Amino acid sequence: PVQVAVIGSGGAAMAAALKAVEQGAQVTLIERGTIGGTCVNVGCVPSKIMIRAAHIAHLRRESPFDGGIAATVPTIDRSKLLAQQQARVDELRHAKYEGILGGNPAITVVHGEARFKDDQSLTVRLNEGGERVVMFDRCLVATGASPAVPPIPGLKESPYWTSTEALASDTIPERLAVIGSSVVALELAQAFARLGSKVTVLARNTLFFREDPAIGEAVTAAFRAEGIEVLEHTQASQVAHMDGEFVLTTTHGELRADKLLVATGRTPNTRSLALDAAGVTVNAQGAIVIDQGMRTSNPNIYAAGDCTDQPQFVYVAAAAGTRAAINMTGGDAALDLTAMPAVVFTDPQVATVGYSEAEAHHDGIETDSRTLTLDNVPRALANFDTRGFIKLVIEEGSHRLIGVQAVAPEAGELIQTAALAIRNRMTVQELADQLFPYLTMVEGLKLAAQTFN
């Protein structure tokens, strides 16, 4: 049987292992740490749980209906919340990862750190000690990424937090400074603020600097409306820690906080791989270079997930691994990200799919667009919360919907309707023609579509 080696056990690796076995191949999976990788252990799952707890805390503290419903500062026991959060994480790890790895004897799991010995084998330093060599006909690298650490003087020697330490924190800091303006930084910034922290975010430029500017504007306004300080075009030139608190020298003067979260990005995990030994090329960022079929410069070796330059979402990583497994077992598949949705779990949520106006123009596409602010959406008016918008981008000539960006509660739910419309190459007229439920957020897609006439 085809010997397939898989480094890692996150979404990308898991998808590949199961698919490879499904294709009759013998799989040897090597994991240096906890089975399940990032998403289930220190990523998606724990963060979303903390965000939901934050949502309840926020609504107990305030709402658009406080005129007739009394609100109260909720007493928070982070230690109990943490315990509940961890129990759920453990359950999911067992059920969908460990239990699945053990549910396929065809998959041999090796606990140790792997690195290429040469172009046809791996050397694994076993956790228990000693070494083992794994031969392979095909190998998939799915090592994921790790939190980036900016070279700010004094930061390296302070006890700062990365998303991992923040999610595992058993207490809510009185004051939390956050360096970064990325999805991770903002999701956690708002979660902690709602759980009781006085949060100050330091963004080098503006929030969601790589996205359509209307997004960063809506999120910024949202954050400030609930007491979160957002310092745009701000950086920390020095970090110090004394007497139980961090002291940051910033463009806005001295900022002090009990805890410091650093979330400026995630760099691929490729140093402990000796990629050079197997002829696998990496770009400037350290990301393993791959083609449409996840193939690396070494045709027998593939890469998928966060260790590549692919969008960092678990469903993109899983989709990449499944297809990688197909190509490693004779198949011929490719990853299509045309209708790929992206969601940011802040409140309101951010959701996108397809082209933004700027992206389309940069690629020489003539478009037209309509931005429907939520004060024009029945559901938003009925909830007395109109922050946000639903933006539609179409190809000027044919009026085909090619992109949608939204900042609104339930944005992550409605964005899937948009993704499907784009997948089915629908025109905004065709979409507006469909019957939508009145007083739902997704109805906003229809209303926005109708403003093109």
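Position 1 is the first residue in the sequence shown; the rest follow in order.
(request) Look up the CA B-factors in the entry and say which stretch, 440-448 or 426-434, has the higher mean. (result) The stretch with the larger mean CA B-factor is 426-434.
(message) Can you tell me whether 211-219 has a higher mean C-alpha B factor than 272-280 in this record, or the other way round?
(response) If you average the C-alpha B-factors of 211-219 and of 272-280, the larger mean comes out for 272-280.
(message) According to the Cα B-factor stored in this entry, which of the following is highest: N327, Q349, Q84, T164?
(response) Comparing C-alpha B-factors across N327, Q349, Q84, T164, the top value belongs to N327.
(request) Choose from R295, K80, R88, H233 the residue with the greatest Cα B-factor as stated in the PDB record. (result) That would be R295.
(request) Give the position of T143 by CA B-factor within its chain, expressed as the lowest, middle or highest third. (result) Its C-alpha B-factor, which the entry lists for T143, ranks in the lowest third among residues of this chain.
(request) Taking the chain's C-alpha temperature factors as the reference, tell me which third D385 falls into: lowest, middle or highest. (result) Ranked within chain, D385 CA B lands in the middle tercile.
(request) Rank-wise, by C-alpha B-factor, drop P64 into the lowest, middle or highest third of its chain. (result) For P64, the deposited C-alpha B-factor lands in the lowest third.
(request) Select lowest, middle or highest to describe the third in which the CA B-factor of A240 falls within its chain in this entry. (result) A240: CA B-factor falls in the middle third of its chain.
(message) Per the entry's values, where does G36 land by CA temperature factor relative to the rest of its chain, in the lowest, middle or highest third?
(response) Its C-alpha B-factor belongs to the middle third of this chain's values.
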